[PDB]
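# Structure at a glance
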Amino acid sequence: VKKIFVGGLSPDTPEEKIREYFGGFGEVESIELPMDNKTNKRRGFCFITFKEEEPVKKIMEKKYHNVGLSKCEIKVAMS
DNA sequence: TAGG
């Protein structure tokens, strides 16, 4: 498996760029930006799985990430 | 920064 846990994202990052940024990274598997309209916790972050393990191999090495407008700390994600 |  290969996932990257992005930490600290804008008020609503569009998986679309995340798809480009990370897509351009390589083969993105999926992008899940969790949002709570009931309490809006401080999770304000996004998860990204790569079909491949390269974007993942590099992502984890990247202290911080910048997606279009959003910029969050990506540490290999865990599901 | 932690979804589901």
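Residues numbered from 1 in each chain as written, not as in the entry; some residues may be left out. Chains lettered and ligands numbered in written order. Heavy atoms only, no water.

Going by the annotation in the PDB entry, the name recorded for chain A is Heterogeneous nuclear ribonucleoprotein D0, with Homo sapiens given as the source organism. Under its PDB record, the entry appears with the title "Complex structure of the C-terminal RNA-binding domain of hnRNP D(AUF1) with telomeric DNA".

## Quick word on the packing of aromatic side chains
Summed over the entire model, instances satisfying the criterion amount to eight aromatic pairs. On the numbers, 5.5 Å between centres and 65 degrees between planes, the contact of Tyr21 with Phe25 is edge-to-face. Of this pair, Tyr21 and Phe25 both sit in helix α1 (residues 15–25), separated by four residues, roughly a single helical turn. Classification of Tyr21 by relative accessible area gives partly exposed; the value is 26%. Accessibility expressed as a relative area gives 16% for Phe25, which makes it buried. Relative to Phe47, the ring of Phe45 lies with its centre 5.2 Å away and its plane at 80 degrees, an arrangement referred to as edge-to-face. With relative accessibility at 17%, the residue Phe47 sits in the buried group. Through a chain of ring-to-ring contacts, the aromatic side chains of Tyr21, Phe22, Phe25 and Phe50 assemble into a single cluster. (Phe/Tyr/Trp six-rings, centres within 6.5 Å; stacked < 30°, edge-to-face > 60°. Helix = DSSP H or I, 4+ residues; strand = E, 2+ residues; numbered from the N terminus. Buried < 20%, exposed > 50% of the residue type's maximum accessible area, 1.4 Å probe, protein only.)

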